[PDB]
Structures are given as C-alpha cells and as structure tokens.
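Colleague: Coordinates for the following, if possible.
(2 chains)
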Amino acid sequence: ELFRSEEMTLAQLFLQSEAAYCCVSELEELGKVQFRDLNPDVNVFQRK
Amino acid sequence: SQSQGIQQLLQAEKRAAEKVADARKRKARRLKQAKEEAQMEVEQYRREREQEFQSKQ
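Modeller: Numbering: from 1, shown residues only, chains lettered A, B, ... in the order given. Now the structure:
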C-alpha cells in the first residue's frame, strides 16, 4: 500500500444562482473543492 | 450526465421562452379584443341614450 494522489472526478454542478451564492460561500469555507474556469476567453467585465 | 443535464435544461428553457412569447402574443390579441368589445359596449350605450332621448322628447 503506497501513498498516491487523491482521486479526482472532474465533476460538474448545476444549481440556481441564488443558491449558488450561498453554496459558493459554504463550499469555500469547506475549502476542499477547486472550481475551474468555464469561460477562459471572458474578461472581468464579461464575467459580470 | 452533465451533457444530458444540459440538454434537459435547454429543452426546459426552450419551452419557457415559447410559453412567455405566447403569453405576449395573447396579450396583444386580448388588447385588440378589448378595443372591439369596448366599441360594441359604447354602441350599446349610444342606443340606450338615444332611446332615453326619444322618451324625453
């Protein structure tokens, strides 16, 4: 039994935007999840 | 399953858009009907007041 990296799921989550604000806040406190940028070609004004 | 979730949400959004645009079309139609009926009621009022005039005369 050797130490290896943790399994990763490259997983996608859909939820309502009101729920999204709260969830991001709470998942953030969890500090165990890393979100990926789904709009790499979009600048901060475009992100809104 | 996300690609399927995406397809389902797009179908729901399609229906929602159709339902709202249809409501707007209905709104326009109801507005036209409202004007037609109003004019018919106005004529009814005209008839009645003309009859009242005749009675007074």
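Colleague: What is the neighbour count of residue B:15?
Modeller: By other Cβ atoms under 10 Å in any protein chain shown, 10 other residues sit near residue B:15. The C-beta positions use only the backbone N, C-alpha and C, and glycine is treated the same way.
Colleague: I'd like the distance between it and chain A.
Modeller: Separation of residue B:15 from chain A (Cβ to the nearest Cβ, to the nearest Å): 17 Å.
Colleague: quick one: the lengthiest helix in chain A to chain centroid distance?
Modeller: In chain A, taking DSSP state H as the definition, the longest helix is helix A:17-30. Centre-to-centre, helix A:17-30 and its host chain are 10 Å apart (Cα atoms, centre = their mean, to the nearest Å).
Colleague: Check what contacts that helix and list those residues.
Modeller: A:15, A:33 (Cβ atoms under 8 Å, 6 or more residues apart in numbering or on different chains).
Colleague: Keeping just the C-alphas, turn it into PDB.
Modeller: Taking Å, rounded to 0.1, in the frame of the first residue of the first chain, the C-alpha atoms of helix A:17-30 are listed here in PDB:
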ATOM      1  CA  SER A  17     -27.900  31.400  -8.900                       C
ATOM      2  CA  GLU A  18     -29.400  32.400  -5.500                       C
ATOM      3  CA  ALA A  19     -28.400  29.000  -4.200                       C
ATOM      4  CA  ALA A  20     -25.100  29.400  -6.000                       C
ATOM      5  CA  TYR A  21     -24.100  32.500  -4.000                       C
ATOM      6  CA  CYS A  22     -24.700  30.700  -0.700                       C
ATOM      7  CA  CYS A  23     -23.200  27.400  -1.800                       C
ATOM      8  CA  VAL A  24     -20.000  29.000  -3.100                       C
ATOM      9  CA  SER A  25     -19.700  30.800   0.300                       C
ATOM     10  CA  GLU A  26     -20.200  27.500   2.200                       C
ATOM     11  CA  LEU A  27     -18.200  25.200  -0.100                       C
ATOM     12  CA  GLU A  28     -15.500  27.900   0.100                       C
ATOM     13  CA  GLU A  29     -15.400  27.500   4.000                       C
ATOM     14  CA  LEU A  30     -15.200  23.800   3.400                       C
END
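Colleague: Name the next helix or strand downstream of that helix, please.
Modeller: helix A:44-47 (DSSP states H and E).
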